[PDB]
Peer 1: 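Right, I'll just put the structure down here and ask away after.
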Amino acid sequence: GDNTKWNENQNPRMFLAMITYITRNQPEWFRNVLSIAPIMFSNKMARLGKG
Amino acid sequence: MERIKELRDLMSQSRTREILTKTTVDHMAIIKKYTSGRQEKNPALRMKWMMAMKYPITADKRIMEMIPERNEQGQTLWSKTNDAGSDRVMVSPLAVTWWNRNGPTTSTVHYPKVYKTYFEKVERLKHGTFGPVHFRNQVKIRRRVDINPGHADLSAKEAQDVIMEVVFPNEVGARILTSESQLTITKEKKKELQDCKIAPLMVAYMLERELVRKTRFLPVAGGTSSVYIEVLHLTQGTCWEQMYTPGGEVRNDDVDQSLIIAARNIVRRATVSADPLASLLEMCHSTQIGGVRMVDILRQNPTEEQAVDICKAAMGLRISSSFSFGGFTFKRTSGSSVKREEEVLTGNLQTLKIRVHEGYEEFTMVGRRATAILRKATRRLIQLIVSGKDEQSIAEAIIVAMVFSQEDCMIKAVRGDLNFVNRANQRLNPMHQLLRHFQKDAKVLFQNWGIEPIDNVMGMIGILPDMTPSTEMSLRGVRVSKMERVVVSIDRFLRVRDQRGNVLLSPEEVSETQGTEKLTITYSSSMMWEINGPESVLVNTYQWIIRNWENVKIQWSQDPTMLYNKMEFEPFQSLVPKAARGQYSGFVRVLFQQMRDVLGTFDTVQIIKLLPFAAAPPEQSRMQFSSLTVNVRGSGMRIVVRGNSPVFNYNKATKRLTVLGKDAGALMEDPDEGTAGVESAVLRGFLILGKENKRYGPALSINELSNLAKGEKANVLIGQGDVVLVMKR
Amino acid sequence: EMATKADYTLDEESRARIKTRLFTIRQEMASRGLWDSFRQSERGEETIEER
RNA sequence: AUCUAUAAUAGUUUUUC
RNA sequence: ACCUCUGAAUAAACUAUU
RNA sequence: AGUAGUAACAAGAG
Ligand SMILES: *O[C@H]1[C@@H](O)[C@H](n2cnc3c(N)ncnc32)O[C@@H]1COP(=O)(O)OP(=O)(O)OP(=O)(O)OC[C@H]1O[C@@H](n2c[n+](C)c3c(=O)[nH]c(N)nc32)[C@H](O)[C@@H]1O
Ligand SMILES: [Mg+2]
């Protein structure tokens, strides 16, 4: 099996949800430092390139 | 003085002062990797492109004084153009090959010392011995092997700390060498490298080459030691084996490990023969371990192991009925055991199978720093009497005894992420994992073991969970104290009895683990695979049946009894579980007899698949079998009686029989093959007639066929998702 | 003051100077009310709190 | 019996209408 | 127009080597 | 023209 457009269909919000479930009962700082990456990825911008 | 003057010079310049002040030591690495950007994307193309240039090579500015601008033919050797981002100049490869013929000459006498590992490789190849090349059915297995042996009792981090201590004493930081191995190696290398005239960085790299272990997964056959891995391309192939022995000096621990592996294989194979003793002797005389005869090694090796001691006893040598467990030499003074696999639930919620030794037994434990007397029952420690040296020695002895006792408390004391499979999902030894886990931190084990008041007998002290010598209560059944080969006779069935007459060893006591040898084990006989691993044994057994199919078929048709008694099937029979050997043999023999009496139902592939299972003494039962198990690396791999299987799959398109993924050869169609879809060697007392027939009601299972009677046709879900019509003769 | 084996390495003049500097710092901190909070926080000092 | 050193370099793998 | 410069470095994991 | 293929090269910059 292959998956069609895995990275164009997966969402950073779902990765944030996964990280939130994984880091239950953990110190707050650890949860924050892990959560920053999905948050920044759900607000990401893409350079268009050369033109 | 020169250093401080240069630093003062750099602090006087404005930009260098800014760099030196604003850059911390942590950011020194960042500025050290700082670059304008080396636009290298296709280095092969870039090198091919640059070698067409006039000056593709950089060199220090001293080349303008060490090498002339032009040679005899006037060809230019260097130019004054500087390299980008540096003061190095641009030179031609002609400059390098001019240096190699006209440059100043220095003394290269320390090079063999600095690069001792590579010249050691050269010496090992130079003095190596080549044997014959044997074309065989190679079965390589992906395993972790060491490519750089380093030092035995060291890890990469410990080796690095030792190297830092030896070479850079004032840069070690907070590390203190704790292991006695580290202290010994540190003293040895400090003395050896005393007054050394090599650059400290080069010395550190030498010590890295000498002391740092490196292991990798490779598809390996033969020995897994470094001296054999470095020539693995030379010695092992897909269809051939090149006999070869490295010319250096062989480590003795490798010899011990390989001897244990060979002895276990030989004993296990011999247990299934008609005369185990003669088979064991003729196998030990035909076995070589790293270019050395096995009998000589047995005569000059003090290894405490059950199979090794059985091999020694078979040759009239004196044995020490001992074994090793967790760094201690155990010896059973009195008692007996029978192994039994029991599934247990670990403290960290892991399910695993542990070989449990039944019966009451007594032992003595001997270690390099501690000694103990142990009495135990089935998964229960009766008492332990340790007489170690210091606190840590007694702690280690107590931990080893607790793990050996197989106490359910010890199992439930497991915490953390303790894995019982390899990083490649290879099953590990549970006892070894428990030892390694509790030798890191045993506070929970001691806490959950319990406590017990002591009666002050003989002044033997008690011990508390935090390792203190109490006099009132101690660990449950644990007491603290203060501080030989025997002639044996071995039976026909490898039963070793002392001079008095008591049993000391037996084949059942031999470990069932199937390990691999550090040094290549060469076996010289008709079957070079007779003491090989289970995969090679299976593949070579079925290939032997395929190659000899003509006379094997004739014998099966005429005199099956002699066919079942071939010595070639015995390595196979060493893989069948002991309790099921007779049942499988009887079932397969009944299948064969029905196959003979029902003409036209002659399935060649069925006979080939089921023949090796008929080599055991038959036991007659009415149990039906849809699959027969074979032990391969600890997991029972089933061979399905009807249809293909992971172990045994026959491809009708290619007529090629593949076993465990290894080609075993191509069959040829017999004239008496049944081209009618009629099967007689699938059910013990039922003959398959055809496909689904709805007239006879619903389909039932193979395990419920006893109620059927003569001629009662029925539909059975025999095989992988198939329903067929069967009838009873 | 205390020391191992009652061994005071320096002479009593320098030790008294250290004592008077510590007394001066305590007086200055008590002049602002910070001394009580300073005293109560000593137990929770050598435990890094990741934030 | 266990067995992810650190770092550097190169190579390999990882597609909608 | 002469002249002068220049011939082009994704991510992650892994493997090999040091 | 040609290479080439979803966008370029068929010199660029000072
Ligand atoms: O590398 C493997 C092997 O070659 C190596 N080894 C074995 N012997 C030596 C010596 N003598 N020197 C150096 N190296 C040696 O150790 C490795 C063993 O691996 P593996 O074969 O997987 O383990 P093994 O099957 O030997 O089981 P193990 O856990 O190590 O136990 C060894 C021995 O102890 C017996 N035993 C355990 N218990 C709990 C027993 C018991 O309650 N009662 C009795 N009678 N015996 C018990 C095991 O069955 C083995 O006999
Ligand atoms: Mg795929």
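Naming: A, B, ... by sequence-line order, numbering from 1 per chain.
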Peer 1: Report which part of the nucleic acid A:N7 touches: base, sugar-phosphate, or nothing (heavy-atom distance under 4.0 Å, all strands).
Peer 2: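 It contacts nothing in the nucleic acid.
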Peer 1: If you count heavy atoms of other groups shown closer than 6.0 angstrom to CD1 of B:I31, is the number above 12?
Peer 2: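 Buried by this count: over 12 neighbours within 6.0 Å.
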Peer 1: Would you measure the distance from the P atom in E:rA12 across to the matching atom in D:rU6 and give it in whole Å?
Peer 2: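 It works out to 16 Å between them.
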Peer 1: For the side chain of B:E208 and the base of D:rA5, is some donor closer than 3.5 Å to an acceptor across the two?
Peer 2: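 Pair found.
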Peer 1: Separation of B:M164 atom CE from D:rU6 atom P, in whole Å?
Peer 2: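 Atom CE in B:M164 sits about 17 Å away from atom P in D:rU6.
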Peer 1: For nucleotides D:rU13 and E:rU6, find the distance between their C1' atoms and express it as a whole number of Å.
Peer 2: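 Straight-line distance between the two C1' atoms is 35 Å.
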Peer 1: Count the heavy atoms belonging to other residues, nucleotides or ligands that lie under 6.0 Å from CZ of B:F325, then report whether that count exceeds 12.
Peer 2: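 Result for CZ/B:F325: enclosed.
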Peer 1: With respect to the side chain of A:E8, which nucleotide from D:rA10, D:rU15, D:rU2 is positioned closest?
Peer 2: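 That would be D:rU15.
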Peer 1: Does D:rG11 sit syn or anti, given that only angles within 90° of 0 count as syn?
Peer 2: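 Anti, since the glycosidic angle lies more than 90° from 0.
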Peer 1: Between D:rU4 and E:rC14, how far is it from one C1' atom to the other, in whole Å?
Peer 2: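 That atom pair is separated by 11 Å.
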Peer 1: What integer distance in Å separates B:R427:CZ from D:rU2:P?
Peer 2: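 Taking CZ of B:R427 and P of D:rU2, I get 11 Å after rounding.
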Peer 1: Quick check on E:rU6: from the sign of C1'-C2'-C3'-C4', north or south pucker?
Peer 2: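 The sugar ring of E:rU6 falls in the north range (positive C1'-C2'-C3'-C4' torsion).
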Peer 1: Between D:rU14 and E:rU4, how far is it from one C1' atom to the other, in whole Å?
Peer 2: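 D:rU14 and E:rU4 have their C1' atoms separated by 46 Å.
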Peer 1: Using the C1'-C2'-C3'-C4' torsion, which pucker class fits F:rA10: north or south?
Peer 2: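 North pucker for F:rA10.
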Peer 1: Is the centre of the B:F363 ring less than 6.0 Å from the centre of the B:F404 ring?
Peer 2: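 Ring centres of B:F404 and B:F363 closer than 6.0 Å.
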Peer 1: Decide between north and south for D:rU9, the convention being positive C1'-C2'-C3'-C4' for north and negative for south.
Peer 2: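 North is the answer for D:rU9, its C1'-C2'-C3'-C4' torsion being positive.
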Peer 1: Taking centres under 5.5 Å and planes under 30° as the test, is E:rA9 stacked with E:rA8?
Peer 2: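 Stack absent between E:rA8 and E:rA9.
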Peer 1: Determine the Euclidean distance between corresponding P atoms of F:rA11 and E:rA1; express it in Å to zero decimal places.
Peer 2: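 Nearest-Å result for E:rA1 against F:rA11 at atom P: 14 Å.
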Peer 1: Quick check on F:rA7: from the sign of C1'-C2'-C3'-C4', north or south pucker?
Peer 2: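 On the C2'-endo side: south.
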Peer 1: Are any of the side-chain nitrogens in B:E361 or B:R332 under 4.0 Å away from the carboxylate oxygens of its partner?
Peer 2: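 Salt bridge between B:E361 and B:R332, a charged N being under 4.0 Å from a carboxylate O: yes.
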Peer 1: Could you give the distance separating E:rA11 and F:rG2 at their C1' atoms, to the nearest angstrom?
Peer 2: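 The answer is 37 Å between these two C1' atoms.
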Peer 1: Would you mind telling me which of B:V537, B:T287, B:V267, B:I261 makes a side-chain contact (heavy atoms from CB on, under 4.5 Å) with B:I531?
Peer 2: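 Answer after filtering B:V537, B:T287, B:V267, B:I261: B:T287.
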Peer 1: Categorise the sugar of F:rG5 by the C1'-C2'-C3'-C4' dihedral sign as either north or south.
Peer 2: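 Sugar pucker of F:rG5 - south, given that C1'-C2'-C3'-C4' is below zero.
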Peer 1: Just call it for B:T35: base, sugar-phosphate, or nothing, with non-hydrogen atoms closer than 4.0 Å on any strand.
Peer 2: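 No contact.
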Peer 1: Do the six-ring planes of D:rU9 and D:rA10 sit under 30° apart with centres under 5.5 Å?
Peer 2: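 Yes, the six-membered rings of D:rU9 and D:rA10 stack, since their centres lie under 5.5 Å apart and their planes differ by under 30°.
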Peer 1: Indicate yes or no: does B:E40 engage B:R46 in a salt bridge with an N to O separation below 4.0 Å.
Peer 2: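 B:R46 and B:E40: salt-bridged.
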Peer 1: Tell me whether B:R209 is salt-bridged to B:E120, with the criterion being a basic N under 4.0 Å from an acidic carboxylate O.
Peer 2: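 Answer for the salt bridge query: no.
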Peer 1: The side chain of B:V212 lies closest to which of these nucleotides: D:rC3, D:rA8, D:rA5?
Peer 2: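 Taking heavy atoms from C-beta onward, the closest nucleotide is D:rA5.
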Peer 1: How long is the line joining CE of B:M47 and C1' of D:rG11, in whole Å?
Peer 2: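 Taking atom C1' of D:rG11 as the reference, CE of B:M47 is at 16 Å.
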Peer 1: Find the distance B:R633:CZ to D:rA1:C1' and express it as a whole number of Å.
Peer 2: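 Taking CZ of B:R633 and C1' of D:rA1, I get 15 Å after rounding.
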Peer 1: Decide, for E:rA9, between syn and anti: a glycosidic angle within 90° of 0 counts as syn, anything else as anti.
Peer 2: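 It is syn.
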Peer 1: With the threshold set at 4.0 Å, does a side-chain nitrogen-carboxylate oxygen contact exist between B:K189 and B:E210?
Peer 2: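 Yes, B:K189 and B:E210 are salt-bridged.
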Peer 1: Need the pair for D:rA5. Rule: Watson-Crick or G-U wobble, both distances under 3.5 Å, any strand; none if unpaired.
Peer 2: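 Partner of D:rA5: none found under 3.5 Å.
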Peer 1: Quick one: look up who E:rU15 pairs with, Watson-Crick or G-U, both distances under 3.5 Å, and put none if it's unpaired.
Peer 2: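 Pairing partner: D:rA10.
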Peer 1: Pairing check on F:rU6: which nucleotide meets the Watson-Crick or G-U wobble criteria with it, both distances under 3.5 Å?
Peer 2: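 WC or wobble partner does not exist here.
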Peer 1: When we call it a touch if two heavy atoms are under 4.0 Å apart, what does B:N422 touch: a base, just sugar-phosphate, or nothing?
Peer 2: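 Here B:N422 touches the backbone only, sparing every base.
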Peer 1: For A:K44 and A:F41, indicate whether the former's side chain and the latter's backbone hold a donor-acceptor pair under 3.5 Å.
Peer 2: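 At least one qualifying donor-acceptor pair exists.
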Peer 1: Whole Å only: how far is the NZ atom of B:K440 from the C1' atom of D:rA1?
Peer 2: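 Rounded to the whole Å, the gap is 14 Å.
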Peer 1: Could you give the OH-to-P distance, from B:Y205 to D:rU6, as a whole number of Å?
Peer 2: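 After rounding, the reported distance stands at 16 Å.
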Peer 1: Between E:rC3 and F:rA13, how far apart are the two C1' atoms, rounded to whole Å?
Peer 2: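 It works out to 14 Å between them.
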Peer 1: By nearest atom, which of the nucleotides D:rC3, D:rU16, D:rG11 is closest to the B:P43 side chain?
Peer 2: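 Nearest listed nucleotide: D:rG11.
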Peer 1: Applying a 3.5 Å limit to both distances, which nucleotide forms a Watson-Crick or G-U wobble pair with E:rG7?
Peer 2: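 Base partner found: none.
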Peer 1: If I take atom CZ in residue B:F438 and atom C1' in nucleotide D:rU2, what distance separates them, rounded to the nearest angstrom?
Peer 2: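 The answer, rounded to whole Å, is 16 Å.
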Peer 1: Can you tell me, in whole Å, how much space there is between the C1' of F:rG5 and that of F:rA10?
Peer 2: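 Looking at atom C1' only, F:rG5 and F:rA10 are 15 Å apart.
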Peer 1: Would the distance check show the side chain of B:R268 and the main-chain N or O of B:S511 forming a donor-acceptor pair, the cut-off being under 3.5 Å?
Peer 2: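 Answer holds: yes.
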Peer 1: Would you kindly give the NE2-to-P distance between B:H437 and D:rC3, to the nearest whole Å?
Peer 2: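 The answer, rounded to whole Å, is 15 Å.
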Peer 1: Please figure out whether B:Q257 or B:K157 has its closest RNA chain D nucleotide nearer the 5' end.
Peer 2: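 Per heavy-atom nearest nucleotide, the more 5' residue is B:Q257.
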Peer 1: Counting only Watson-Crick pairs (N1-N3 plus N6-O4 or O6-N4) and G-U wobbles (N1-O2, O6-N3), all under 3.5 Å, who is the partner of D:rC17?
Peer 2: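 Answer to the pairing question: none, since D:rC17 forms no Watson-Crick or G-U pair.
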Peer 1: Would you give a per-nucleotide map of nucleotides 3-18 of chain E, 5' to 3', where B means the base has a protein non-hydrogen atom under 4.0 Å away, S means only the sugar-phosphate does, and - means neither?
Peer 2: ----SBB------SBS
Peer 1: Determine whether the aromatic ring centres of B:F119 and B:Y115 lie less than 6.0 Å apart.
Peer 2: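 No; B:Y115 has its ring centre 6.0 Å or more from that of B:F119.
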